[PDB]
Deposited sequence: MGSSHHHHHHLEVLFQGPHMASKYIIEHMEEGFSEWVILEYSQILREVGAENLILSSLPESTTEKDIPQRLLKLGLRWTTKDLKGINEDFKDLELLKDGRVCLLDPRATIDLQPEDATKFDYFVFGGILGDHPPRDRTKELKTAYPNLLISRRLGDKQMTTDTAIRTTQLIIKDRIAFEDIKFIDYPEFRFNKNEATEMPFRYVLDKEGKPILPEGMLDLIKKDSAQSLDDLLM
């Protein structure tokens, strides 16, 4: 149903902007919240590319989104799923029946998801998306494929640590989802930034 990203960076680097943009395009602005922005954040501090796409953002943390958005169902104990790389159980399609909200770490990893968990010990229930680390947009892409499209994790086709060779080179230490044409799905604009 609804996707929440907890922003755990200060600002918005080009990478973050591209990821969040892709997320906005795939889940729809009405189904995404960016929460836990720094206390002094105002509209001026939010990238115009994300505002343009209808980004719903808040400086409130998980325990406050309901105060801010009457549209959202009460974040209720046990019905919010934390996508957690160190969880003992992988998300499966029937979990769609068991959670209304899916929470992701707004991070650019070099763990931090455990800080998210520890922060809200009674709210969140963890589910994993496999044994290898994904970018936020890949994690959200996979979650949607499981919850909305009901594909088992094990039927999804990934690439582990793809190399992008522009001439006779960068390898991304993340797991990526494959498109029908067998290419890794990247946020629009990401490849140029990599080059």
property	result
Sequence ranges absent from the coordinates, based on the deposited chain and numbered from 1	1-21, 132-135, 194-195, 223-234
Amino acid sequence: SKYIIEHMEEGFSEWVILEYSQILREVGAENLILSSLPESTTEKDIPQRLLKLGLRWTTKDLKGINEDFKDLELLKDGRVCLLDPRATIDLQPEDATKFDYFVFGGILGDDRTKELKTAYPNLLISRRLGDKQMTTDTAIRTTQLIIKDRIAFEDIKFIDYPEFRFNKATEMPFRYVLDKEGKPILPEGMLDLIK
From here on, numbers count along this sequence of modelled residues.
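Here, rigid core means the biggest group of C-alpha atoms that superpose within 1.5 Å across both forms.
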| property | result |
| --- | --- |
| Farther-lying stretch by C-alpha RMS in 4 other deposited structures of this protein, rigid core as reference, of 5-13 and 170-178 | 5-13 |
| Of 69-77 and 97-105, the one with larger mean CA B-factor | 69-77 |
| Stretch with the higher entry mean CA B-factor, where the candidates are 149-157 and 45-53 | 149-157 |
| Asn167 - Cα temperature factor, lowest/middle/highest third of chain | highest |
| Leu193 - which third its CA temperature factor falls in, relative to the rest of the chain | highest |
| Chain thirds of CA B-factor: placement of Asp131 | highest |
| Lowest, middle or highest third - CA B-factor, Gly11 | highest |
| Within-chain third of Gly182 by Cα B-factor, per the entry | highest |
